[PDB]
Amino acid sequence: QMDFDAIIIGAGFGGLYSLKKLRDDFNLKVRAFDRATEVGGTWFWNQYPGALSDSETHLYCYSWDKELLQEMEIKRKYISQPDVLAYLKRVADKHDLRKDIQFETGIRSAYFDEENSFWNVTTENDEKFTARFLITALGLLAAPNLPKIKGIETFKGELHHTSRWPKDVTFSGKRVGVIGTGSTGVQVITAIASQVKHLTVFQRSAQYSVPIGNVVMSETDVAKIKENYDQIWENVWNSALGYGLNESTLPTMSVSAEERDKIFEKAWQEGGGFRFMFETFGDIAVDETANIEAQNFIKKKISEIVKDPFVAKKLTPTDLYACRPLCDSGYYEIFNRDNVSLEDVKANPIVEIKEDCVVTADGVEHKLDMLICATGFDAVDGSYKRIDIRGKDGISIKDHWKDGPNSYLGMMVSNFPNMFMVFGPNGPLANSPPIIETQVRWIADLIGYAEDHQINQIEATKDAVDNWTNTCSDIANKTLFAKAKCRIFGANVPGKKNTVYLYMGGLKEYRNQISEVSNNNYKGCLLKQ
């Protein structure tokens, strides 16, 4: 009666595993869609200079295919964007995935049918499809947050947002400006500084960055990893972050200053943001005195690398909370270069943009041939609201989430039956591929349980969703996060919203949580026959 058992939106990490698991392991008839012309998700769209993974190469991948784990290329310690794209293309090749992906096809609307209990999916070309279940693997790539700057539309030079980075960009002889110093801006600035006539960095808020330590991987090291891949993945599932770290329980202020400086320095040499934050000590994100110790080590490193003390001052975070640092391949070193200028657009904001320059509040005209906007995106739920998703009683996801996202286990939304989110909001804070695998296998097991027991409508209750929001709030309020403003709580509603964007108990406890549900006849889920 319906076109498919399941429809998947997205052909990235999440969508490709959702397709493989439902079609080949559970034998469902499924069609996937993506606006892209190729698989990859964020790794097909984000081809900006310096794009690099946050987790090491041997862990930023799938674990469910052992043959592929052995054949995988481990070139450098972290993996660049074109290599992630080539890997995901290889996954699609090996498992015959593309024949059930409709490319160059965006989904405009998905309407649930409380009669007959399936979903009505319309593409932007007015193609209509029906399916019992809807799998949303949308990521967080929509939509580009561009700087709201007076006159930015009059700029006659090259203007790119890092998410829409065009090929064939050349840098020599050009005066280039970069707005934004987050992870993307740090990666772009570090990669292009040596290639331009002059680089201006327009930073609104300095952030802490630690070295990434991206080194080439020896053939012995690669063989060492593959020989022990089963234990490596077992460590991922029994950890909180899934980054292959020895997650410390050691209190920061329980060692001498000599010892503390040695522990921070060892992680600094090795590289890695989460390593510096969670392999050194166990309370950096929970205790303020511990946090200040981590910051002071990075501030000290900034003041040593950056030789001009006034540029180092400008680069030093004033916030006072190292609530997750970035990673870089030589970011602070860039600012010793004679062709790099740092503009504190907090104490000197960009007021307007003319045809050939960026004007700051001090009147200075910063002449530019190129303006790179590394300015971020919408919130996590932004990708969901940009689709017309109507569930029970015809309520839209825009309205149900007008105050921020909320869900059950990060995978189910009340008033939206038969819809299952992959890497959606209210999920765990950990490495993405292990999270995506955990969710795809749990969702497929639920769909298989429904195909047997002949149930055709699965729905989370308002109580369970609120129980999940409580659990996240209880855990997140134990930490320093929010107070550093990391946009994990985005609430502020008169009757308290406390929409908690992340479950922060770790990947191991997250698998514990959703296992309680699956074991206990899916408590919190409305089953209908």
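All residue numbers are counted from 1 along the displayed sequence.
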Is the mean CA B factor in the deposited entry higher across 73 to 81 or across 454 to 462? 454 to 462
Comparing mean C-alpha B factor in the record for 267 to 275 and 220 to 228, the higher one is 220 to 228
Say you rank 437, 381, 356, 234 by Cα B-factor from the PDB entry; which sits at the top? 381
Criterion, highest CA B-factor; candidates, 59, 39, 68, 482: 482
Would you mind checking where the Cα B-factor of residue 178 ranks among the modelled residues of its chain, as the lowest, middle or highest third? lowest
Using the B-factors in the PDB entry, rank residue 361's C-alpha atom against the chain and give the third, lowest, middle or highest. highest
Compared with the other modelled residues in the chain, in which third is the CA B-factor of residue 242? lowest
Could you look up the Cα B-factor of residue 129 in the entry and say which third of the chain it sits in: lowest, middle or highest? middle
C-alpha B factor of residue 213, ranked within the chain: lowest, middle or highest third? lowest
